[PDB]
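Colleague: Starting off with a structure, shown below.
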2 protein chains.
Amino acid sequence: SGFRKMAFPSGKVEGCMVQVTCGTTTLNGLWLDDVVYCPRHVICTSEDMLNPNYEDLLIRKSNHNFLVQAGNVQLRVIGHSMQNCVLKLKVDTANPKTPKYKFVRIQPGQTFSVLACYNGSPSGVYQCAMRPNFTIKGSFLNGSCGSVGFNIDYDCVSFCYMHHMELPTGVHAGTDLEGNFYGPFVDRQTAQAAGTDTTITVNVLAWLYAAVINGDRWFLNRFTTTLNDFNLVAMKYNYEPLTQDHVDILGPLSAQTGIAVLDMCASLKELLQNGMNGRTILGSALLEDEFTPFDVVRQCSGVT
Amino acid sequence: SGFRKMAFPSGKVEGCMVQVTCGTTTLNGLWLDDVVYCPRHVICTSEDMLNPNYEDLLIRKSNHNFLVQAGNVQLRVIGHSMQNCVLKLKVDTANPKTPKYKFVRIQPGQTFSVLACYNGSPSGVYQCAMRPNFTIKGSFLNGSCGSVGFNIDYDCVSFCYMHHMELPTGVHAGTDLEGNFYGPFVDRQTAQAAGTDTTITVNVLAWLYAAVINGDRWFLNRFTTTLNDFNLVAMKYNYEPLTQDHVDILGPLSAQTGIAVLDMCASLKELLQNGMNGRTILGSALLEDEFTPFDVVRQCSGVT
Ligand SMILES: O=C(Nc1nncn1C1CC1)[C@@H]1COc2ccc(Cl)cc21
Ligand SMILES: O=C(Nc1nncn1C1CC1)[C@@H]1COc2ccc(Cl)cc21
């Protein structure tokens, strides 16, 4: 037993990290097969970031201006192209360490592991959630751009995120592996506000089920509620409205614990209206929303 | 910016995980060079765990009774020995994926990454702290035994922990890589209580410095304190007494932020005596103690 904010083993993704330099700008690239994927702002100087014309900027760049280093060996660039906000640098060698992989665009509320990188080298790994306002609350310094978010299903790595920027607010914005930003953000040094961030209700519910499984039951009450009544409370507290789809996904956890989803919603409701009163749940003094019901089932069953 | 409970990249340790089976018991092993290290309780049946005589039990086992599988290939055992609570299975092949490594016994309050494993396969990675009472608050199911804790210094992996058991309390106990348990625990299915767990004061202080660096400054006050006055408060709140050694380690953070260590102690003091009043620090509603001052400096500078 025990419940932790666990990230996937990062080994398969370490093997794909490269360093991409263009001019005086260095960031991370993702090497899969004979292609290196990196944020297109690698072609800009901080001066260009005010309002870059990426099409015009890329036109003054040749395959030889993109320096791609895999550890200590240089990769030969034989093609370059821009797909949305990412650059695809065709190299002459397929990465020997390319795992089975998919490029997926995740939905808000879903979770993933980020392998933070600097100069193509990994520094750490942590578990994130794509916020409902399409930002992530990461840990990213200068040069962390190009670091990827991913999930793993036995041997296949589903790359879902590539890091691009930190908003003036301190939250992080980025793209899927086709270069489409999650949210309204554009890769420009301009003030961009993220929308109202809501709490991922289904994830909090899943984490409440994980708490019951792990012995923390103090918050369980003698009450129940309806989806409509719960959603009136969730609205007031800027929680995502719970749907029958969310209840359906909570099914395995409801079955494992023997606690009906609406019963757990009534515990959540009392916790929202009354607070924790100085108590903790799974070592936390606030309601955790970065575990999906799939993460809870997975961690509580030891899927490798 | 942004502050996360970050684990080290787990790739170098994934390459060392093997599955060790003895009789009907399966757990994880750590393959470095021509040696596989695993908990000695792999030789026991749950019946034997009541009061095992490991010396007597091991004597009925031959090199051929220890099944060591690395992924899908079988390792040939040519020697077996017991060092304290670990078994060292000499195999005929040196692990091709052995990284530069050290076996280190960490001090309470220090942090490390755990690569949770089942049947020799990795399921996840998370950052832990060795508690002052020598337990860890992990996430470990049946078969997770043999999973290791470690730190990384550029290319060298310092293995510091091997998982052995879950105490009746739900907290975790284990050994260093020489088989010596951290704490008073013995590898036996007997009621073993961990001592009073205290809060790692120097780590909370370091995390308060990380909060200031990342923009969360609400908790900073117009007050100061002395080491003696602070320690009277820390005692009442079951915090570890702060020494001049702890203040010395906090030096880089004090210098980076411009906030004297004793000034930060006075903010901690007011937070202990008054609470957070519904506010958060680095997205947390409680005082975090699982980041050492080295982790804060490291994450805030992007060491790879
Ligand atoms: O934010 C950026 N890098 C970044 N991402 N996480 C952390 N950081 C560094 C702390 C700043 C760069 C700098 O200014 C811009 C503007 C637009 C783009 Cl597309 C990218 C950047
Ligand atoms: O606790 C143990 N495994 C374990 N460690 N983390 C999680 N778990 C499983 C949930 C139980 C085994 C079972 O009983 C004992 C008694 C003594 C030893 Cl040395 C080892 C064990």
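In the structure tokens, the first chain shown is A, the next is B, and so on; residue numbers restart at 1 for each chain, and ligands run from 1 in the order shown.
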If you take only C-alpha atoms and a cut-off of 7 Å, which residues of chain B touch chain A, and what are their nearest atom pairs and distances in Å to one decimal, in chain and number order, as CSV?

Modeller:
```
residue,atom,partner,partner_atom,distance
B:1,CA,A:140,CA,5.5
B:2,CA,A:139,CA,4.2
B:3,CA,A:139,CA,5.2
B:4,CA,A:139,CA,5.9
B:5,CA,A:126,CA,6.7
B:6,CA,A:126,CA,5.0
B:7,CA,A:125,CA,5.2
B:8,CA,A:124,CA,4.6
B:9,CA,A:124,CA,5.1
B:10,CA,A:10,CA,5.7
B:11,CA,A:11,CA,3.7
B:14,CA,A:11,CA,6.9
B:118,CA,A:304,CA,6.8
B:121,CA,A:304,CA,5.8
B:122,CA,A:304,CA,5.6
B:123,CA,A:304,CA,4.2
B:124,CA,A:8,CA,4.6
B:125,CA,A:7,CA,5.2
B:126,CA,A:6,CA,5.0
B:137,CA,A:2,CA,6.8
B:138,CA,A:2,CA,5.5
B:139,CA,A:2,CA,4.2
B:140,CA,A:1,CA,5.5
B:141,CA,A:1,CA,5.7
B:170,CA,A:1,CA,6.4
B:285,CA,A:285,CA,5.1
B:286,CA,A:285,CA,5.9
B:302,CA,A:123,CA,6.5
B:303,CA,A:123,CA,6.0
B:304,CA,A:123,CA,4.2
```

Colleague: Any chance you could export the current selection's C-alpha atoms as a short mmCIF file (atom, residue, chain, number, x, y, z; two decimals), in the first residue's frame?

Modeller:
```cif
data_model
loop_
_atom_site.label_atom_id
_atom_site.label_comp_id
_atom_site.auth_asym_id
_atom_site.auth_seq_id
_atom_site.Cartn_x
_atom_site.Cartn_y
_atom_site.Cartn_z
CA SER B 1 10.31 28.47 -12.78
CA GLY B 2 7.90 26.08 -11.00
CA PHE B 3 8.70 23.57 -8.26
CA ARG B 4 7.98 19.86 -8.48
CA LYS B 5 8.63 16.66 -6.47
CA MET B 6 11.08 15.48 -9.13
CA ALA B 7 12.71 12.09 -9.31
CA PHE B 8 16.03 11.37 -11.08
CA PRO B 9 15.79 9.93 -14.66
CA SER B 10 15.39 6.19 -14.01
CA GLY B 11 16.97 4.78 -17.18
CA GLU B 14 15.81 0.18 -15.33
CA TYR B 118 7.15 -5.97 -10.14
CA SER B 121 9.83 -4.78 -14.61
CA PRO B 122 9.57 -1.09 -13.75
CA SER B 123 6.13 0.40 -13.09
CA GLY B 124 7.01 3.90 -11.87
CA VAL B 125 9.41 6.35 -10.29
CA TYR B 126 8.90 8.76 -7.38
CA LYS B 137 6.37 6.55 2.83
CA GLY B 138 6.33 4.68 -0.45
CA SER B 139 3.94 2.95 -2.83
CA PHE B 140 4.71 -0.74 -2.74
CA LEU B 141 2.47 -3.73 -3.49
CA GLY B 170 1.54 1.04 6.14
CA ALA B 285 -1.45 23.26 2.02
CA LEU B 286 1.14 21.75 4.42
CA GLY B 302 18.86 22.46 -13.88
CA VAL B 303 21.77 20.09 -13.10
CA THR B 304 21.73 17.16 -15.60
#
```

Colleague: List the spatial neighbours of residue 270 (chain A) as a PyMOL selection string - criterion: any atom at most 12 Å away, only C-alpha atoms, same-chain residues fewer than 6 positions off excluded.

Modeller: chain A and resi 218-225+230+233-234+237+263-264+276-277

Colleague: Take the residues that were just selected and, keeping N, CA, C and O atoms, output them as a tab-separated table (two decimals), in the first residue's frame.

Modeller:
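Saved to selection-v6.tsv:
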```
chain	number	residue	atom	x	y	z
A	218	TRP	N	-11.37	8.66	7.14
A	218	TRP	CA	-12.02	9.67	7.99
A	218	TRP	C	-13.08	10.52	7.29
A	218	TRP	O	-14.06	10.92	7.91
A	219	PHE	N	-12.88	10.81	6.01
A	219	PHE	CA	-13.77	11.70	5.26
A	219	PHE	C	-15.07	11.06	4.77
A	219	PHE	O	-15.89	11.74	4.14
A	220	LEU	N	-15.24	9.75	4.98
A	220	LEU	CA	-16.43	9.06	4.55
A	220	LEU	C	-17.57	9.42	5.47
A	220	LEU	O	-17.42	9.43	6.70
A	221	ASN	N	-18.69	9.78	4.88
A	221	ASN	CA	-19.85	10.17	5.66
A	221	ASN	C	-21.05	9.28	5.36
A	221	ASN	O	-20.99	8.43	4.47
A	222	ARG	N	-22.14	9.50	6.15
A	222	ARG	CA	-23.45	8.85	6.09
A	222	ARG	C	-24.36	9.49	5.04
A	222	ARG	O	-25.56	9.28	5.10
A	223	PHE	N	-23.82	10.31	4.13
A	223	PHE	CA	-24.64	11.03	3.17
A	223	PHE	C	-24.45	10.55	1.73
A	223	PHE	O	-23.44	9.93	1.36
A	224	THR	N	-25.41	10.93	0.91
A	224	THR	CA	-25.37	10.72	-0.52
A	224	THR	C	-25.79	12.03	-1.20
A	224	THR	O	-26.04	13.05	-0.53
A	225	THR	N	-25.74	12.06	-2.53
A	225	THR	CA	-26.13	13.22	-3.32
A	225	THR	C	-26.56	12.75	-4.73
A	225	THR	O	-26.59	11.55	-5.00
A	230	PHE	N	-24.67	17.65	-6.61
A	230	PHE	CA	-23.22	17.72	-6.52
A	230	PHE	C	-22.66	18.84	-7.42
A	230	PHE	O	-21.88	19.65	-6.95
A	233	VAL	N	-22.63	22.41	-6.14
A	233	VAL	CA	-21.53	22.59	-5.20
A	233	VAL	C	-20.23	22.71	-5.97
A	233	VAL	O	-19.43	23.60	-5.70
A	234	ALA	N	-20.01	21.81	-6.95
A	234	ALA	CA	-18.81	21.82	-7.77
A	234	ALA	C	-18.69	23.16	-8.52
A	234	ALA	O	-17.61	23.72	-8.58
A	237	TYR	N	-17.43	25.97	-6.25
A	237	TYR	CA	-16.04	25.75	-5.90
A	237	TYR	C	-15.07	25.60	-7.09
A	237	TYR	O	-13.93	25.17	-6.89
A	263	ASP	N	-22.10	8.40	-3.46
A	263	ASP	CA	-21.75	8.41	-2.04
A	263	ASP	C	-20.42	9.14	-1.86
A	263	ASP	O	-20.31	9.98	-0.98
A	264	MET	N	-19.44	8.84	-2.74
A	264	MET	CA	-18.13	9.50	-2.72
A	264	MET	C	-18.25	10.98	-3.09
A	264	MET	O	-17.54	11.82	-2.53
A	276	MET	N	-10.93	20.47	5.37
A	276	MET	CA	-10.32	19.29	6.00
A	276	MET	C	-10.20	19.40	7.53
A	276	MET	O	-9.87	18.41	8.17
A	277	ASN	N	-10.45	20.59	8.11
A	277	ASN	CA	-10.34	20.83	9.55
A	277	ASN	C	-8.99	20.41	10.13
A	277	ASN	O	-8.93	19.75	11.17
```

Colleague: Need to verify the contact set: residue 185 (chain B), 10 Å, only C-alpha atoms, exclusion of same-chain residues closer than 2 positions in sequence. Can you return it as a ChimeraX atom specification?

Modeller: /B:134-135,164-165,167,173-175,180-183,187-188,190-194

Colleague: Please save N, CA and C atoms of the selected residues as an mmCIF file, in the first residue's frame.

Modeller:
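Below is the file that was written, again_38.cif:
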```
data_model
loop_
_atom_site.group_PDB
_atom_site.id
_atom_site.type_symbol
_atom_site.label_atom_id
_atom_site.label_comp_id
_atom_site.auth_asym_id
_atom_site.auth_seq_id
_atom_site.Cartn_x
_atom_site.Cartn_y
_atom_site.Cartn_z
ATOM 1 N N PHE B 134 13.665 6.310 10.182
ATOM 2 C CA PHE B 134 14.225 5.371 9.213
ATOM 3 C C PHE B 134 13.211 4.543 8.430
ATOM 4 N N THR B 135 12.029 5.097 8.205
ATOM 5 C CA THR B 135 11.038 4.467 7.351
ATOM 6 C C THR B 135 10.902 5.369 6.110
ATOM 7 N N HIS B 164 12.222 -3.804 1.385
ATOM 8 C CA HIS B 164 12.029 -5.115 1.991
ATOM 9 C C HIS B 164 10.618 -5.389 2.459
ATOM 10 N N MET B 165 9.991 -4.436 3.166
ATOM 11 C CA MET B 165 8.684 -4.727 3.743
ATOM 12 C C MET B 165 7.834 -3.545 4.049
ATOM 13 N N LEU B 167 5.462 -2.236 7.015
ATOM 14 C CA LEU B 167 5.147 -2.417 8.418
ATOM 15 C C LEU B 167 3.637 -2.478 8.598
ATOM 16 N N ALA B 173 9.932 -0.157 5.101
ATOM 17 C CA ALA B 173 11.233 -0.406 5.705
ATOM 18 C C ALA B 173 12.081 -1.223 4.751
ATOM 19 N N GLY B 174 13.372 -0.953 4.775
ATOM 20 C CA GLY B 174 14.294 -1.604 3.864
ATOM 21 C C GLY B 174 15.732 -1.431 4.260
ATOM 22 N N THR B 175 16.617 -1.912 3.398
ATOM 23 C CA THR B 175 18.023 -1.935 3.702
ATOM 24 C C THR B 175 18.870 -1.043 2.789
ATOM 25 N N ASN B 180 21.968 -3.972 5.376
ATOM 26 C CA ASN B 180 21.698 -3.433 6.708
ATOM 27 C C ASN B 180 20.441 -2.614 6.662
ATOM 28 N N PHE B 181 19.446 -2.987 7.454
ATOM 29 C CA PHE B 181 18.203 -2.212 7.526
ATOM 30 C C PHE B 181 18.456 -0.808 8.026
ATOM 31 N N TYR B 182 17.697 0.129 7.474
ATOM 32 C CA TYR B 182 17.689 1.469 8.014
ATOM 33 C C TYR B 182 16.692 1.346 9.170
ATOM 34 N N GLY B 183 17.140 1.684 10.373
ATOM 35 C CA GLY B 183 16.301 1.600 11.560
ATOM 36 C C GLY B 183 16.402 0.294 12.311
ATOM 37 N N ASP B 187 13.722 -8.392 9.097
ATOM 38 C CA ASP B 187 12.900 -8.996 8.038
ATOM 39 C C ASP B 187 12.138 -10.214 8.547
ATOM 40 N N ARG B 188 11.070 -9.933 9.281
ATOM 41 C CA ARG B 188 10.251 -10.938 9.926
ATOM 42 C C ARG B 188 8.800 -10.412 9.983
ATOM 43 N N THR B 190 6.458 -9.823 11.986
ATOM 44 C CA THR B 190 6.207 -9.532 13.383
ATOM 45 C C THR B 190 5.893 -8.050 13.489
ATOM 46 N N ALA B 191 5.119 -7.686 14.508
ATOM 47 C CA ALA B 191 4.719 -6.308 14.746
ATOM 48 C C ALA B 191 5.940 -5.499 15.094
ATOM 49 N N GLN B 192 6.225 -4.507 14.273
ATOM 50 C CA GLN B 192 7.386 -3.665 14.470
ATOM 51 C C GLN B 192 6.923 -2.256 14.351
ATOM 52 N N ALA B 193 7.109 -1.492 15.415
ATOM 53 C CA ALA B 193 6.680 -0.113 15.394
ATOM 54 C C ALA B 193 7.846 0.797 15.060
ATOM 55 N N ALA B 194 7.572 1.801 14.237
ATOM 56 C CA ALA B 194 8.579 2.793 13.908
ATOM 57 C C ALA B 194 8.477 3.832 15.031
#
```

Colleague: Give me, please, the distance in Å between CA of residue 155 (chain A) and CA of residue 99 (chain A), quoted to one decimal.

Modeller: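 CA of residue 155 (chain A) sits 7.4 Å away from CA of residue 99 (chain A).
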
Colleague: Which is closest to ligand 1 among A:132, A:168, A:184, A:252, if we use only C-alpha atoms and all ligand atoms?

Modeller: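 For ligand 1, the nearest of the given residues is A:168.
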
Colleague: Using only C-alpha atoms, which residues sit within 9 Å of region 25-37 of chain A once same-chain residues fewer than 5 positions away are excluded, as a VMD selection string?

Modeller: chain A and resid 13 15 to 20 42 to 46 68 70 86 to 99 101 117 to 121 142 to 148 162 177 to 178

Colleague: Please compute the CA of residue 151 (chain A)-CA of residue 130 (chain B) distance, one decimal, in Å.

Modeller: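 Computed distance, CA of residue 151 (chain A) to CA of residue 130 (chain B), equals 28.2 Å.
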
Colleague: Of the candidates B:238, B:244, B:51, B:226, which one gets nearest to ligand 2 if we count only C-alpha atoms and all ligand atoms?

Modeller: B:51

Colleague: Would you return as an MDAnalysis selection string the members of region 60-218 of chain A that DSSP assigns to strand (DSSP E) on this structure's backbone?

Modeller: chainID A and resid 66:70 73:75 77:83 86:91 100:103 111:118 121:129 148:153 156:166 172:175

Colleague: Counting only C-alpha atoms, which of B:157, B:200, B:208, B:49 gets nearest to residue 281 (chain B)?

Modeller: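 Of the candidates, the smallest distance to residue 281 (chain B) is held by B:208.
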
Colleague: What is the atom 4 (C, counted along the ligand's line) of ligand 2 to CA of residue 83 (chain B) distance in Å?

Modeller: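 About the pair atom 4 (C, counted along the ligand's line) of ligand 2 and CA of residue 83 (chain B): they are 20.3 Å apart.
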